[PDB]
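Novice: Pasting in a structure now, in structure tokens, and then I'll have a few things to ask.
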Amino acid sequence: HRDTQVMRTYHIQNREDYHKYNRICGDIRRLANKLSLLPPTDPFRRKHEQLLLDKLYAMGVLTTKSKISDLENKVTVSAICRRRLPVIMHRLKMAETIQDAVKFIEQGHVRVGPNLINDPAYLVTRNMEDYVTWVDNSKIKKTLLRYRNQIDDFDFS
Amino acid sequence: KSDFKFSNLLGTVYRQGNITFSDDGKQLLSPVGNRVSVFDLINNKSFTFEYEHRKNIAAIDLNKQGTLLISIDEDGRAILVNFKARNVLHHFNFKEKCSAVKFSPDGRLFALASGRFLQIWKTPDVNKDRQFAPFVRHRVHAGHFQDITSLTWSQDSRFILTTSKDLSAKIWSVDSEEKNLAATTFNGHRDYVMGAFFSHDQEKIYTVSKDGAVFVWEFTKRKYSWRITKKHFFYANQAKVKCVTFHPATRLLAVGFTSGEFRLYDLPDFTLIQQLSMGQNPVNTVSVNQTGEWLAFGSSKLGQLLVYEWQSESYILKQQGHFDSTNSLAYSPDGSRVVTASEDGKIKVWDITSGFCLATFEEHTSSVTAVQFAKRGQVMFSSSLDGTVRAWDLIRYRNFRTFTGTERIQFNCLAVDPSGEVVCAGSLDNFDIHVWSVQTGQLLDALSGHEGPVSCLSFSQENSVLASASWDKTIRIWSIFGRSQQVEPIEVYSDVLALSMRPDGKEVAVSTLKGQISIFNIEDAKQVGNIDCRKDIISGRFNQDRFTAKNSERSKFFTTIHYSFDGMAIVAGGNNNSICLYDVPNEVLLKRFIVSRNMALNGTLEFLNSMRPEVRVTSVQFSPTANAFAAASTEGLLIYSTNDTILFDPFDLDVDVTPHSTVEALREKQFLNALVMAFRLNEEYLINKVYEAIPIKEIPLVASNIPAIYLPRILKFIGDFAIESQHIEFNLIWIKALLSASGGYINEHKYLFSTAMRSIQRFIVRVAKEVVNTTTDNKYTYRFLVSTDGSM
Amino acid sequence: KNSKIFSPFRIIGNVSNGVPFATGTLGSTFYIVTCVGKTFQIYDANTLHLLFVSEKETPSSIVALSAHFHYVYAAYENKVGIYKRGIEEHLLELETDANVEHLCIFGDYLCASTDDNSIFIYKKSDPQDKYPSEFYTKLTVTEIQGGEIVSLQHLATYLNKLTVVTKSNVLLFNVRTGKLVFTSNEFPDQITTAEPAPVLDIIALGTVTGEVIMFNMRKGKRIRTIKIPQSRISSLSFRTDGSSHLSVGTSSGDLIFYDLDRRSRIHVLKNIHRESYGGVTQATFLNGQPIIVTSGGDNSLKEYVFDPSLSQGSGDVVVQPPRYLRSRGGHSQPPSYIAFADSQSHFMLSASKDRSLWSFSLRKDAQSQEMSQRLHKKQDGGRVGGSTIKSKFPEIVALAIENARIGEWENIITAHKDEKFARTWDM
RNA sequence: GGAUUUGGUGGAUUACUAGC
């Protein structure tokens, strides 16, 4: 029951979410394997996984882009399941717990740039990880500003 | 100026449904998901009906006379539009899913097949006045194991045969007395029968199947009825016929396969003329003209429409629409050239005059975000999410240089120096404005100072100053030329995702996230005014939503803005359902345009009845010709315009001024008055009555007589008329006279006349010079032959 | 007076006027025709949509209506239209100068009765033919035989016998021969309205005094009689569900239900149509179904239903009183000032001398509603000054509407007749 | 006479060609 055991730690909608990642996280390694079977001094192969580690680090599933061994060993579903939006709202200390962040996404208090986001299971790029905020004029961004005694209703915060 | 209409939809040539040629065959009509587009091969012009269809078109019916055109949606709604009238005469509702609707050769009644039931309905007379309940159904046939997959009509209306998907095929006569002639249903066909065809002689019946084996039915003695005379088999390794079209007079068979290979056979000789693969994806609907010279094959998966002629190996029109949507819209100095960006990254150049793509660009592997044109026809710069920017030539169709950054950043948007020396681009990753020179592909400088990413970048042509857009709520105006390097910052209330530069070079129009559009000055940091856009934005409730459409914050801002070239109006468009036209001095919107009415798309309805692609406009620009502004949608690039001029917009009427009075002036020989008396009505047919009337000897006397106030208006009229009109020599003597009479005045008021100069000098480049060069080239060749010594 | 630009589409905002509507049945569906002046309408009975209006206006008012399955028989001044789908497919002209009061259909025959006590018979030219066309003969009734003709009825299972009811008595004419096969006895009251019964050989009768008289034709006698205080009976109908029920419609707006088995009234409806415009002009239980359809002269048409009984074992004694179901509305008086609401031509405001504004629908004719007149409780807190017996607003002579900001505050300003203020309305 | 809250039905919520 590894699929359930990580559905709890990150709070997932459907128990099938895990194996929806673990099909991708396996598909990384199958492309890693056949790209390991090409000869090492091939300017395709040298170009092609560094082309891929650019993307898998921008998305942020893997910690570094130097170690080439991470691509088979550290690519786990729990790695890709913590660039989920409610985990990121718990990493950035927005909500208190990780269930409570799903409660705030589903009610509609969080946003990415212009548009608010409503699927809890929004993957967030490490580049896009800068831009999550509380949605403006919300009743939960109004309460935060009352704690510091710094509301400003010309913003109608 | 104010009343725009939906003139044209551009891009997405084929979406779904039957493609049927006209009886004349001059115009071919391809059905889009929510609209029907008519293409005229002879005039190379595309026309789209103003009417919305509430879901995607599933069937198209064209009357032999052409008076009535019927389109059937997935829901079963029936819309009848007269081609000449271009209006919806009636909107009857069918209650089941429709597969194909074909009008009878006589046209008295139209056969309609839904599910396993066949229906014949008397067609209401187009000439007859509109009635409350026009639709009437002649008969219903329910004798089918499964709903018919195809419908075929004989020259006589007595026999109608529909091929069922069960395997069985049945024949139905129109009149009840001819039932005894033919009521039999063919059997023993393997797989499914895609379609049933009738030859000019009614003795032979041709049937096709999904397997690819073809069987011909011939009536003969074993008192004797309907044997299989000969079987014909098509061999495909994995290909299966999907859609089959047969023309009886030319005996030509069009076969559609899953593989997409295109093959042609003749029923009498069973010989394969040619096998061609239009695309990897299988052909969905194939149609043939009466002559049979033009065959149209469209693949829904690739969304591309292709027309081919069997007799001569030439394609009248072959094009493929963008796979997803157009991220940016680029307008060239010439009105005709149009450039549209796509999510795929493929770049295709559309034509304003005819809705076809001259060429494609596959240079950008990543999606293209912004496409802009410098102040020349020499090149266009495209911004992509790949992290590289590549300039393109339009004389040669090639990259000059592919500008890249240092650490390989995405590029959203782009700004090109009008004097084409400097190309600036902006990111989401870096928030540094990279600056490339056009000659040396090095980056000159990394202009920085923003917190948060750069949304847009633009350069005012008059002052050559570039203003950055930031998510930090501060607008910073850069000054990058000549030993200054000074940046001026103006604070904004909400993230600014929209930046617009006025032609003047003195004002900047912004679109913040609070909805509100503000208009700043540049030489001062202060603002002229702001106009409030949160209320007059229509927002859709999606299907998967949990909030009312009133209080979602998805779409109440504007992700684009473009000033008109007059500098007096802004067209804005965002991820919403609506486009706007704000007046700039009076600060009030003029008219609000709903982009689409589709239940198929998500963002349409304010209220649902008691994921799907979102419907939003990405980038909007106003054309130099300025008749209409193109907004790049989800459905495809829209074009709004005023080329109708069915509108009474008078100017300075007296009681004495009537249309008859202007005609009287021509008899009176008062050319100066009868032109001004026709400009007072501002109606085009009085103007063409007096413009074409007055002779050459009093053109310049009239030009000197013409007032300064009407000079901008008269020049605009010549610009729109002379493009499609046969008079080169008469129109150019007017443009010699207007320019000759007041050369200094037009030059002094450069800002006052912008649209008139651009429109007039598209007519000179596109059609007037090419007549000159053909006259020039022909003269030189004749000179060469006489001058050169004789051979042998 | 033929125009070159305009041509009439249909008249909107009118449901009924006082002429008795007549029901028809096609397949399993039920279709109800009414009339509006010189142009009749057709309503479905399952949702009261508008199905068919006539293609041309008639040259005068339609006086009487009846409908056999597909064909609506409309009778204006001298002629009888035999209409299908609102299309005049055969015009039948009666050879008098008298105006046709009542009409009846059975068998191969049509039976039209002019006002000067004369009855015309029109035969189907062939049994294949659907509408009767040929003039058969002219039946007359002299005043020594009976009074003025109240109605024409054809009872169940009578070979060519036509139950002609008069103000004095009841006749029977064998239209094949043309002979008076039976005359009834003279009634002490003036008869106003007759209707058949689902039992055999019985027509029901209605007097100017409040008396319903059941009358047998095989015995020629009065079987049952029902007295009503102070009412002029204008409509009669029997429920054919299997439960015996008589519906007496007065001219004082009352609809009265009886239980002929228990010999009792059940529930009496008060003012379902206006007394002044005529009361219940016609009421009809739909066949085999607990639905009565009432249509007065005050430009409305309402349906009432009987819920099933709350008692398990008792049933027919504990009867639920009738219940309001769907209806259509219009405008009692002529409209003073109208306007259009929106750009797609989808609503029309119409304010009339009835003092009640209406948002009619050009699009779907069951979508029309009276704009409510129910004052918002004030922001200020002091109470609103007005008469406690609520009367409608004075009639509206000037209206203005701009549709740009709808749903957020008011967008309709109306000026009432002779008021120093001028109210506002949300659309 | 006034105010607040609530149960139930009907009519709309896409553009009106009759049932088996």
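Every chain in the structure tokens takes a letter, A first, then B, and so on in the order presented; its residues are numbered from 1, and the ligands are numbered from 1 following the presented order.
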For residue 253 (chain B), list every protein, DNA or RNA residue within 8 Å, evaluated using only C-alpha atoms (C1' of nucleotides), and leave out those in the same chain fewer than 5 positions away; present the list as a PDB file with C-alpha atoms, in the first residue's frame.
Specialist:
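Result went into result-v3.pdb, see below:
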```
ATOM      1  CA  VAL B 244     -16.791   7.959 -49.246  1.00  0.00           C
ATOM      2  CA  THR B 245     -17.960  10.531 -51.880  1.00  0.00           C
ATOM      3  CA  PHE B 246     -19.039   9.408 -55.410  1.00  0.00           C
ATOM      4  CA  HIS B 247     -19.965  11.543 -58.480  1.00  0.00           C
ATOM      5  CA  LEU B 264      -9.444   7.732 -56.520  1.00  0.00           C
ATOM      6  CA  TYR B 265     -11.319   5.016 -58.510  1.00  0.00           C
ATOM      7  CA  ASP B 266     -13.821   4.923 -61.441  1.00  0.00           C
ATOM      8  CA  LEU B 267     -16.916   2.704 -60.873  1.00  0.00           C
TER       9      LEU B 267
END
```
Novice: Which chain C residues are at most 10 Å from chain B (counting only C-alpha atoms), as a ChimeraX atom specification?
Specialist: /C:7,9-10,50-55,85-86,404-405,408
Novice: Write out as number ranges by chain the residues lying within 12 Å of region 14-21 of chain A, counting only C-alpha atoms (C1' of nucleotides) and excluding same-chain residues fewer than 6 positions away.
Specialist: A: 1-8, 27-28, 61, 75-84, 120-121, 123
Novice: Could you write those residues out with N, CA, C and O atoms, as a compact mmCIF listing (two decimals), in the first residue's frame?
Specialist:
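Contents of again-v2.txt, freshly written:
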```
# COMPACT_ATOMS: atom_id res chain seq x y z
N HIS A 1 0.82 -1.21 0.00
CA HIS A 1 0.00 0.00 0.00
C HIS A 1 0.85 1.26 0.00
O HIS A 1 0.66 2.14 0.83
N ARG A 2 1.82 1.34 -0.91
CA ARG A 2 2.62 2.56 -0.99
C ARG A 2 1.80 3.70 -1.54
O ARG A 2 1.99 4.85 -1.16
N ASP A 3 0.83 3.38 -2.40
CA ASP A 3 0.04 4.41 -3.05
C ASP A 3 -0.87 5.11 -2.05
O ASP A 3 -0.96 6.33 -2.05
N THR A 4 -1.51 4.36 -1.16
CA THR A 4 -2.26 4.97 -0.07
C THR A 4 -1.35 5.73 0.88
O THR A 4 -1.64 6.86 1.26
N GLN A 5 -0.20 5.13 1.21
CA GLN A 5 0.67 5.64 2.27
C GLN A 5 1.23 7.02 1.94
O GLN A 5 1.50 7.81 2.85
N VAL A 6 1.36 7.34 0.66
CA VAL A 6 1.76 8.69 0.28
C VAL A 6 0.56 9.54 -0.12
O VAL A 6 0.70 10.77 -0.24
N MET A 7 -0.61 8.95 -0.34
CA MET A 7 -1.80 9.77 -0.51
C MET A 7 -2.19 10.44 0.78
O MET A 7 -2.82 11.50 0.76
N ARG A 8 -1.84 9.85 1.91
CA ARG A 8 -2.19 10.47 3.17
C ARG A 8 -1.23 11.59 3.50
O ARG A 8 -1.65 12.66 3.96
N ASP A 27 8.08 6.81 -16.20
CA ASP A 27 8.40 7.14 -17.59
C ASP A 27 9.63 8.03 -17.69
O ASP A 27 10.23 8.12 -18.76
N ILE A 28 10.00 8.69 -16.60
CA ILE A 28 11.28 9.37 -16.54
C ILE A 28 12.41 8.35 -16.63
O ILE A 28 13.35 8.51 -17.41
N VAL A 61 11.06 18.95 -9.52
CA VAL A 61 10.87 17.64 -8.91
C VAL A 61 12.18 17.14 -8.33
O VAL A 61 12.18 16.24 -7.50
N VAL A 75 14.07 10.54 -8.32
CA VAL A 75 12.79 10.83 -8.96
C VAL A 75 11.77 9.86 -8.37
O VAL A 75 11.71 8.70 -8.76
N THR A 76 11.02 10.33 -7.39
CA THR A 76 10.00 9.54 -6.73
C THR A 76 8.68 10.27 -6.89
O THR A 76 8.66 11.44 -7.26
N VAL A 77 7.57 9.56 -6.65
CA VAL A 77 6.28 10.23 -6.75
C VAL A 77 6.12 11.24 -5.63
O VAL A 77 5.71 12.37 -5.88
N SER A 78 6.55 10.89 -4.42
CA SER A 78 6.53 11.84 -3.31
C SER A 78 7.43 13.04 -3.56
O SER A 78 7.28 14.07 -2.91
N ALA A 79 8.36 12.94 -4.51
CA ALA A 79 9.06 14.14 -4.94
C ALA A 79 8.18 14.98 -5.86
O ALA A 79 8.18 16.20 -5.76
N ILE A 80 7.43 14.34 -6.75
CA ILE A 80 6.62 15.12 -7.66
C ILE A 80 5.32 15.49 -6.99
O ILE A 80 4.65 16.43 -7.43
N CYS A 81 4.97 14.81 -5.90
CA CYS A 81 3.73 15.09 -5.20
C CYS A 81 3.93 16.10 -4.09
O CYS A 81 3.02 16.32 -3.29
N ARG A 82 5.09 16.73 -4.02
CA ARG A 82 5.26 17.84 -3.10
C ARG A 82 5.59 19.13 -3.81
O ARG A 82 5.88 20.13 -3.15
N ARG A 83 5.58 19.14 -5.14
CA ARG A 83 5.37 20.36 -5.88
C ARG A 83 3.90 20.57 -6.19
O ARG A 83 3.57 21.38 -7.05
N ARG A 84 3.03 19.83 -5.54
CA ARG A 84 1.61 20.13 -5.53
C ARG A 84 1.39 21.49 -4.90
O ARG A 84 2.18 21.96 -4.08
N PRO A 120 -7.07 21.72 -6.48
CA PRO A 120 -6.02 21.58 -5.48
C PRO A 120 -4.76 21.04 -6.09
O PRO A 120 -3.67 21.50 -5.76
N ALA A 121 -4.89 20.15 -7.05
CA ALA A 121 -3.73 19.42 -7.56
C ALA A 121 -3.05 20.17 -8.70
O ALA A 121 -2.70 19.60 -9.72
N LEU A 123 0.13 21.51 -10.21
CA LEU A 123 1.57 21.47 -10.13
C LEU A 123 2.08 22.89 -10.25
O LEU A 123 1.56 23.68 -11.04
```
Novice: Nearest to residue 69 (chain A) among A:140, A:37, A:25, A:32, with distances taken over only C-alpha atoms: which residue is it?
Specialist: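 Once distances to residue 69 (chain A) are computed over only C-alpha atoms, the minimum belongs to A:32.
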Novice: Using backbone DSSP assignments, extract all strand (DSSP E or B) residues from region 26-148 of chain A; output them as a PyMOL selection string.
Specialist: chain A and resi 84+110-112+115-116+123+132-134
Novice: Those residues with C-alpha atoms, as a PDB file, in the first residue's frame please?
Specialist:
```pdb
ATOM      1  CA  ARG A  84       1.612  20.128  -5.533  1.00  0.00           C
ATOM      2  CA  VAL A 110      -5.414  31.324  -3.412  1.00  0.00           C
ATOM      3  CA  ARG A 111      -4.185  32.523  -6.801  1.00  0.00           C
ATOM      4  CA  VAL A 112      -1.201  32.427  -9.152  1.00  0.00           C
ATOM      5  CA  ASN A 115      -6.115  34.152 -12.079  1.00  0.00           C
ATOM      6  CA  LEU A 116      -7.130  32.220  -9.052  1.00  0.00           C
ATOM      7  CA  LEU A 123       1.574  21.472 -10.127  1.00  0.00           C
ATOM      8  CA  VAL A 132       1.387  32.253  -5.168  1.00  0.00           C
ATOM      9  CA  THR A 133      -0.428  34.732  -2.930  1.00  0.00           C
ATOM     10  CA  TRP A 134      -3.738  34.983  -1.183  1.00  0.00           C
TER      11      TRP A 134
END
```
Novice: Would you list the contacts of residue 18 (chain D) as a ChimeraX atom specification, taking every protein, DNA or RNA residue within 9 Å and counting only C-alpha atoms (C1' of nucleotides), but skipping same-chain residues closer than 5 positions in sequence?
Specialist: /C:25-31,44,51,70
Novice: Would you mind listing, as a PDB file with N, CA and C atoms (P, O5', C5', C4', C3', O3' and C1' of nucleotides), in the first residue's frame, all residues of chain D that have at least one atom within 9 Å of chain B, where only C-alpha atoms (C1' of nucleotides) are what counts?
Specialist:
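out_9.pdb, freshly written:
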```
ATOM      1  P     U D  13     -37.305  28.827 -20.474  1.00  0.00           P
ATOM      2  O5'   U D  13     -35.891  28.978 -19.805  1.00  0.00           O
ATOM      3  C5'   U D  13     -35.282  30.244 -19.761  1.00  0.00           C
ATOM      4  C4'   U D  13     -34.325  30.320 -18.630  1.00  0.00           C
ATOM      5  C3'   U D  13     -33.217  29.332 -18.689  1.00  0.00           C
ATOM      6  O3'   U D  13     -32.194  29.687 -19.577  1.00  0.00           O
ATOM      7  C1'   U D  13     -34.123  29.344 -16.546  1.00  0.00           C
ATOM      8  P     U D  14     -31.298  28.545 -20.223  1.00  0.00           P
ATOM      9  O5'   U D  14     -31.186  29.007 -21.692  1.00  0.00           O
ATOM     10  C5'   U D  14     -32.364  29.045 -22.434  1.00  0.00           C
ATOM     11  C4'   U D  14     -32.096  29.486 -23.824  1.00  0.00           C
ATOM     12  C3'   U D  14     -33.317  29.456 -24.690  1.00  0.00           C
ATOM     13  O3'   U D  14     -33.104  30.364 -25.740  1.00  0.00           O
ATOM     14  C1'   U D  14     -31.795  27.916 -25.506  1.00  0.00           C
ATOM     15  P     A D  15     -34.125  31.550 -25.953  1.00  0.00           P
ATOM     16  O5'   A D  15     -35.085  31.007 -27.062  1.00  0.00           O
ATOM     17  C5'   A D  15     -36.243  30.316 -26.671  1.00  0.00           C
ATOM     18  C4'   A D  15     -36.997  29.812 -27.845  1.00  0.00           C
ATOM     19  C3'   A D  15     -36.542  28.459 -28.349  1.00  0.00           C
ATOM     20  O3'   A D  15     -37.645  27.760 -28.910  1.00  0.00           O
ATOM     21  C1'   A D  15     -36.248  30.049 -30.010  1.00  0.00           C
ATOM     22  P     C D  16     -38.177  26.409 -28.234  1.00  0.00           P
ATOM     23  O5'   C D  16     -39.733  26.546 -28.288  1.00  0.00           O
ATOM     24  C5'   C D  16     -40.420  26.349 -29.501  1.00  0.00           C
ATOM     25  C4'   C D  16     -41.893  26.550 -29.292  1.00  0.00           C
ATOM     26  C3'   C D  16     -42.787  26.363 -30.477  1.00  0.00           C
ATOM     27  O3'   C D  16     -43.103  25.000 -30.651  1.00  0.00           O
ATOM     28  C1'   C D  16     -43.406  28.290 -29.277  1.00  0.00           C
ATOM     29  P     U D  17     -42.314  24.114 -31.713  1.00  0.00           P
ATOM     30  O5'   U D  17     -43.434  23.719 -32.742  1.00  0.00           O
ATOM     31  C5'   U D  17     -44.547  23.014 -32.275  1.00  0.00           C
ATOM     32  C4'   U D  17     -45.292  22.414 -33.408  1.00  0.00           C
ATOM     33  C3'   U D  17     -44.714  21.133 -33.980  1.00  0.00           C
ATOM     34  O3'   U D  17     -45.789  20.301 -34.388  1.00  0.00           O
ATOM     35  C1'   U D  17     -44.953  22.704 -35.661  1.00  0.00           C
TER      36        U D  17
END
```
Novice: Just checking: using only C-alpha atoms (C1' of nucleotides), which residue out of C:18, C:329, C:146, C:394 ends up closest to chain D?
Specialist: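 Ranked by minimum distance to chain D, first place goes to C:329.
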